[PDB]
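Below are the chains, spelled out letter by letter.
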Amino acid sequence: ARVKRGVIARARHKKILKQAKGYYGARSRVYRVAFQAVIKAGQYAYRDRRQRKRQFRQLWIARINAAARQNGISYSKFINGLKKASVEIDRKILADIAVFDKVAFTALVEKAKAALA
Amino acid sequence: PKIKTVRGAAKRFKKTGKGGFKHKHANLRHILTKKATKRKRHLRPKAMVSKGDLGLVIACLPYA
Amino acid sequence: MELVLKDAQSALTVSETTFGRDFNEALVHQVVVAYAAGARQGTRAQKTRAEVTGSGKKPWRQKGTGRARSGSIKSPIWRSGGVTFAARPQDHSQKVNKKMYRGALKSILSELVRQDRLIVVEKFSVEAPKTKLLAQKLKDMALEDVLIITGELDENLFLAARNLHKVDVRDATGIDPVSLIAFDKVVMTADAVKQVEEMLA
Amino acid sequence: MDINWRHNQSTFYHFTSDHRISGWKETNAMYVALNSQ
Amino acid sequence: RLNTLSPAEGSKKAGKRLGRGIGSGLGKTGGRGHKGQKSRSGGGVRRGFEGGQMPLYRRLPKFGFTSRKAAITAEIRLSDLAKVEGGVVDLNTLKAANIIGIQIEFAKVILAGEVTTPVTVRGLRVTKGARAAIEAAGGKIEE
RNA sequence: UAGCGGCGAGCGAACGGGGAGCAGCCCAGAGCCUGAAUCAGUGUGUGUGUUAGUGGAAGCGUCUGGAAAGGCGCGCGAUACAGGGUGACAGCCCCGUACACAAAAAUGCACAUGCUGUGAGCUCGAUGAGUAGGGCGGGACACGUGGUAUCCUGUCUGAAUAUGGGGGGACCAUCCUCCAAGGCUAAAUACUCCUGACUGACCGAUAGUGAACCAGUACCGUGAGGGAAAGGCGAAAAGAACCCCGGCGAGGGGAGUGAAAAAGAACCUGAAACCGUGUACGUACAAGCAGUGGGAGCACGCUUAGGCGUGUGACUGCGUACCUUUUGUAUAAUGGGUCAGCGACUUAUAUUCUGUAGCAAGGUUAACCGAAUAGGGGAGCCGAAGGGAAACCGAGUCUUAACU
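What counts and how
- Residues are labelled from 1 along each chain in written sequence order, independent of how the entry numbers them, and those without coordinates are excluded.
- Written order decides the labels, with chains lettered from A and ligands numbered from 1.
- Note that the displayed chains come from a larger assembly and that each value is computed for the displayed part only.
- To get the side-chain values, all heavy atoms of the structure are used, and hydrogens and water are removed first.
- Here a cavity denotes grid points, spaced 1 Å and computed from the protein atoms alone, that fit a 1.4 Å probe unable to get out, and a pocket denotes an open set having protein on both sides within 12 Å along at least 5 of 7 lines; residues with an atom within 4 Å of a point are the lining.
- Grid points are joined across faces, edges and corners, and a volume is the space filled by probe spheres set on the points.
- Helix and strand assignments come from DSSP, with helices taken as H or I runs of at least 4 residues and strands as E runs of at least 2, each series counted from the N terminus.
- Polarity classes work like this: nonpolar for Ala, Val, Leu, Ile, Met, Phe, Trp, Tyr, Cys and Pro, charged for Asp, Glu, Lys and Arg, and polar for all others, with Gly in that last group.
- Strand pairing requires that DSSP identify at least two bridges connecting the strands.
- Here, residues are in contact when the closest pair of their heavy atoms is within 4.5 Å.
- Two parts lose some accessible area (1.4 Å probe) when they are put together, and adding that loss for both gives the buried area.
- Salt-bridge detection follows one rule: a side-chain nitrogen of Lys or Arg within 4 Å of a carboxyl oxygen of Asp or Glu.
- Put simply, two rings from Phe, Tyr or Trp (the six-membered ring, in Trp's case) pair if the centres are within 6.5 Å, and we call them stacked under 30 degrees between planes, edge-to-face over 60, tilted for the rest.
- Relative accessibility thresholds used throughout: buried, under 20% of the residue-type maximum; exposed, over 50%; partly exposed, between the two (1.4 Å probe, protein chains only).
- Charge-over-ring placement is defined geometrically: NZ (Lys) or CZ (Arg) within 6 Å of the ring centre, and within 35 degrees of the ring normal.

For this deposition, the record names cryo-EM as the technique by which the model was determined and cites 2.9 Å as its resolution.

Pasting the structure below:
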């Protein structure tokens, strides 16, 4: 029972090359380079599902720090204030209020300064 | 083929009742007047092949 | 145990050890796989590197060409080169122990009785050696795919079943596991039942 | 053409010449080796 | 039902296929480690080879000899001799019962379990315990 | 296994048992007696086989379709439903198959028979000499000179000859067995250049022969020798009349055939690398494994605006390929120009362990016979008993004068 291996090899190669559309040059044409490109894209994608949590958090902290200094207190003192005021709003939402609702953020700063004093 | 016995091992080990192998002790062929009689008396009975070496012996003696 | 005859409406007294035991599916599977393996004429050969029609001249010098080093034009890596582990004609027979063969037949006969795939007639013979007569006879008994097994091999029945595809006539001596399992219904003559019990003890 | 190309790739497969790389290519490898000693 | 028969559970184990991929577990080196004499095709040392140290079967002395006569002695239990068809036991009558072998010249009737019928043993050596066991269950031993 | 063995690596019997097959004879030598069985060579007759052959069952309607053997409906053959072809898949269209027959002639085999040659059978006698054996050297015996029997002989020698001689594993004696120094002999057995039939959990064009094709060719080499690549239009050539561009071209565009000519001979399918044309987006102040996480804008589709999907991707965080070998590689260490095809833990036989199945103090047969994967075949192997170097003893045994 000789098994020719044309049809299944074609299917594997094609699977990998479909996962590499949009890559520059051989990275999207040649199998032997698109295999490495697809794997290295896999490793980066893993690594960056962790980094997007780190990057979004540092973005939010920069926006709360900006808006809170606009209301006359730093980020450090603001988070200490709200923790002592026993407010448990996470900082995705504090960043989002700090962009969209300036008056609510002003009131949060008043709770923070009220408890912090 | 059929497995050939390592033939000079069959002359030196002999199988026992629970699968172990007995052998004659070394050191009792010549130079003998220098040895104590306590050595020589303790080298006369036959002895079991130790745990380390049964692998080798079973490999050399596949029909015994 | 008793087997109800189809036509005479009697009951044939059989052994419970032969026609009434359990189905040992593992045992039957071993005897079936072994029977089918015994049928393989294992005739084939590819050519190793030694048997390929070439020369043992080394195709280029060992060092200095920038080619990879090669030594024979009959290497298995080379096109036209000789199979690495080329096959030889081989025997595919398995030993089936005699008590495992008989055990397997006892299991399959017990399941042909238990699944109502076993029909016991008193006599089953055809008038003339015509396939038309056996076709009409099997049509009257509501049987299309059938293994007729008779204790004395009739000549006319054998010639009448030789063209019918689904139908096979055996003597009680030469039954095999794969036909008792293969055919939908097995129709044994009562004499064949007695001979089967003599074979399978 | 294909036959002449297979034979004319087969030209320096069994060579001997040591000062020429691969039988034919001129070099200075005699002086390179000799100076390395 | 030939497409419903199926083997036992545990009977057909897979079979190691070496050299296929990373997931399989045995790819690249097939389970034979890095370089060396043992990772080489044909590679391996011979039996009873300890590097060059003098092997165990060759640093120990040899003893004994083979008898020539122990190959024609036999050893009959008491579980048999109810198998001899006769109630009389000689070397033939045992050979005829496929119980010693044709080349056998000497036989002995070791106590190894449960004689019942009265047996007349003729021309065979009998051990002490089995003399008592043959004579206790009826029996007769002449020589 | 016993043994042989730098007692290493390894080599490795016989006796005895079971089967296949079975067959005995002649000369060394005279008389009686003849053609007496015996084969060999030939003629003839019979039987059978080979080399050409002959007959050989049984179907139509309708739907899809280029075409029907296909679907649906209703029939018939079968000692014939092995197979191949026919415009798709046919038991009934064709060739065949089962079955039943056929040879003017030449032949193979087997009986019968004619002739020739050959010799039966009886009594008595003989019963293989430079030979057996020996010394020296070497070889074959499983046996390597060893305590080495036995066989063969290059060299030197050398008997007895049935009141005799050979062997029985140094050797002697006793006992048993056999008759060398002359020869013939079927079957079981081994093999396939070559022919026929059939079969394949063999290959299907980089495979299978090196060779599916005018292949041991082209080609290479002084020579011996080495040694390729290369299959497939269509059901049928109906293989493109004629017209136009063009050099009375090449190539093309129509026309026509065709079910289909991106089925047009550079011909089934028609992948990938590689090269183009067209469209959307980005890209000419921006540094690096070229992605990834975020992400504006733009273009197409939507969408009861639901704010989505696809393509692109400014800008921005992070980010030095894969393999291999290594203490450690972005490494400026190895390998790879890319694609496509092939390319590496197999097979056989023994032995051990695990799983599983059968039977169980028993399990199982091998060769072979074979109604032949059945059933016979238990020769044998393994186990139920060990100890001891061995005799021997035996649930004990060995050690030892004997064992707390």
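Undergrad: Account for empty space enclosed by the protein, with residues named and values stated.
TA: One way to see where empty space is left: roll a probe the size of a water molecule over the atoms. Taken as a whole and assessed by the stated rule, the structure comprises one cavity of 30 Å³ or more. The space that makes up the largest cavity amounts to roughly 50 Å³. Looking at the largest cavity, the residues that line it are B:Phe13, B:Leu56, B:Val57, B:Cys60, E:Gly48, E:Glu50, E:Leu56 and E:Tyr57. Secondary-structure elements contributing two or more residues to the lining of the largest cavity are α3 (54-60) of chain B together with α1 (56-59) of chain E. For the lining of the largest cavity, the element with the most residues is α3(B), which contributes three residues. Per-class residue counts for the lining of the largest cavity are six nonpolar, one polar and one charged.

Undergrad: Mind laying out the sheet that holds strand β1 (residues 13-15) of chain B, listing which residues take part and the relevant values?
TA: Residue and element names in this part refer to chain B. Sheet architecture is open: three strands sit in the order β1-β2-β3, paired in antiparallel fashion. Bordering the open sheet on either side are β1 and β3 (47-48), each of which pairs with just one other strand. Two elements, β1 and strand β2 (residues 21-23), share three bridges in a ladder whose sense is antiparallel. The residue of β2 that forms the bridge with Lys14 is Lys22.

Undergrad: Break down the layout of surface pockets for me, with residues and values.
TA: Size it by volume and the largest pocket reaches roughly 450 Å³. B:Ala10, B:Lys11, B:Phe13, B:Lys14 and E:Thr66 are, among the 17 residues lining the largest pocket, the residues nearest its centre. Every element with two or more residues in the lining of the largest pocket is listed here: α1 (7-10) and β1 of chain B. Among the elements that line the lining of the largest pocket, the one with the most residues is β1(B), at three residues. Residues of the lining of the largest pocket, tallied by class, amount to eight nonpolar, three polar and six charged.

Undergrad: So, the interface of chain C and chain D: which residues are in play, and what are the values?
TA: At the junction of the two partners, chain C supplies nine residues and chain D supplies five residues. When chain C packs against chain D, close to 560 Å² is buried across both sides, 57% of that on carbon and sulfur atoms. Summed over the three residues of chain C that lose the most area to chain D, namely C:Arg61, C:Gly64 and C:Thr65, the buried surface amounts to 50% of that side. Counting the contacts that link chain C with chain D gives zero salt bridges.

Undergrad: Help me get a handle on the packing of aromatic side chains, residues and values and all.
TA: As enumerated under the stated definition, the model contains five aromatic pairs over all chains in all. Where A:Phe78 meets A:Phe105, the ring centres are 5.3 Å apart and the plane angle is 45°; that geometry is what we call tilted. Residue A:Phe78 is located in helix α3 (residues 75-84), and its partner A:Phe105 is located in helix α5 (residues 102-116); the two are separated by 27 residues in the primary sequence. A:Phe105 matches A:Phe78 in its accessibility class, with the two residues each being buried. A centroid spacing of 5.6 Å and a plane angle of 25° characterise the contact between C:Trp60 and C:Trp78, whose relative ring orientation is stacked. Taken together, the residues C:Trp60 in the loop between α2 (25-38) and α3 (98-114) and C:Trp78 in the loop between α2 and α3 connect sequence positions 18 residues apart. Aromatic rings pair up to connect C:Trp60, C:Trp78 and D:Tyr13 into one cluster. Across the ring face of A:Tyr46, the terminal group of A:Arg50 is positioned such that the distance to the ring centre comes to 3.9 Å. Against the face of E:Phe63 rests B:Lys46, its NZ or CZ located 3.3 Å from the ring centre.

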